[PDB]
Amino acid sequence: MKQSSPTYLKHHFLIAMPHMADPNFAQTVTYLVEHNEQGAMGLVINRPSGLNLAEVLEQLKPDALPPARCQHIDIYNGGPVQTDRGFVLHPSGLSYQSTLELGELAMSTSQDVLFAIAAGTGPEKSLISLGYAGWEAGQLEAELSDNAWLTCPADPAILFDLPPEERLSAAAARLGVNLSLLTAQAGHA
């Protein structure tokens, strides 16, 4: 009996290749939330944003005032779809107003959960990423057949800890490359 679905891309990482006309986006990796023959949803997890939770909070509510907590919180780039909202992904099986369970992790798009977690009444750990990435019925299969976007298994640890550079390093680590000796970390000898 199988627990995880290795058949569908409803939780896999896509890697950008120089096979298309995208030289700027040729070095990004996306996380596929839900893959379907009629379309696919996923969040980009390799490009941190230069925004804080206070700004989104201010964009969400004009009469609301952001505290010291929001100022110390950053935003991540999720994709080109809906740049006016922030996505909230956590590793719990709990649900809110608009939450989709994805087994090892849940997805929350409710502003109420955003405020709740920011206050500390939401999930254990979350990811606030502005907008998502969406593919039309055939667009993904097109880029997949065109060798534009490669598909590979994923791990949430990379997504929750460091998806900016640790996504590239971990990706190589997933494929089977010794990135640790090429990059080398500073600490104890």
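Note: ideal-geometry Cβ built from the backbone for every residue, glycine included; neighbour counts use all protein chains shown. Values in this text are rule-based calculations from the coordinates and carry no lab data.
Points worth noting:
- Within region 86-114, the set of residues being free of Cβ contacts under 8 Å to residues at least 24 places away in the same chain and not in a strand (DSSP E or B) comprises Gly93, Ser95, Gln97, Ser98, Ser110, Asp112.
- Checking each residue in region 1-29 for being without any contact (Cβ under 8 Å) to a residue 40 or more places away in the chain and of a type in the set (A, V, I, L, M, F, W, C) picks out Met1, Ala21, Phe25, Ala26.
- Screening region 73-88 for residues that are touching a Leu at 6+ places or on another chain (Cβ under 9 Å) and of a type in the set (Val, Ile, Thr) and picking the one that is nearest to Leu102 (Cα to Cα) gives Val88.
- Residue that is nearest to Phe13 (Cα to Cα), among those in region 172-189 that are of a type in the set (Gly, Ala, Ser) and in a loop (DSSP other than H, G, I, E, B): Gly176
- Yes/no for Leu32 being within 22 Å of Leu140 (Cα to Cα), out of contact with any helix residue (DSSP H, G or I) (no Cβ under 8 Å at 6 or more places or on another chain) and either free of Cβ contacts under 8 Å to residues at least 24 places away in the same chain or not small (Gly, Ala, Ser) (or both): yes
- From the list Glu143, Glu165, the lone residue that is of a type in the set (D, E, K, R) and within 21 Å of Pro80 (Cβ to Cβ) is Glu143.
- Residue count for region 56-73 satisfying the condition of being free of Cβ contacts under 8 Å to residues at least 40 places away in the same chain and either under 19 Å from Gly120 (Cβ atoms) or touching a helix residue (DSSP H, G or I) at 6+ places or on another chain (Cβ under 8 Å) (or both): 8.
- Listed by first and then second residue, the pairs with beta-carbon distance under 7 Å, at least 6 apart or on different chains, first residue in region 139-167 and within 20 Å of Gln27 (Cβ to Cβ), second among the acidic types (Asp, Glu), are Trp149/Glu143; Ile158/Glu166.
- Output for region 22-40, where each listed residue is within 22 Å of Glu166 (Cα to Cα) and among the aliphatic types (A, V, I, L, M): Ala26, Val29, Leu32, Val33
- Positions within region 12-60 being closer than 21 Å to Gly86 by Cβ and of a type in the set (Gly, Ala, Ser), in sequence order: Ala40, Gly42, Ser49, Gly50, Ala54
- When region 50-80 is filtered for residues that are basic (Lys, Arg) and either outside any loop (DSSP other than H, G, I, E, B) or surrounded by 18 or more Cβ atoms within 10 Å (Cβ to Cβ) (or both), only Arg69 remains.
- Note on region 138-160: residues that are β-branched (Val, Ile, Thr) and within 18 Å of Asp22 (Cβ to Cβ) total 1.
- Check on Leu114, surrounded by fewer than 18 Cβ atoms within 10 Å (Cβ to Cβ), of a type outside the set (D, E, K, R) and either more than 16 Å from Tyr31 (Cα to Cα) or in contact with a helix residue (DSSP H, G or I) (Cβ under 8 Å, 6 or more places away or on another chain) (or both): no
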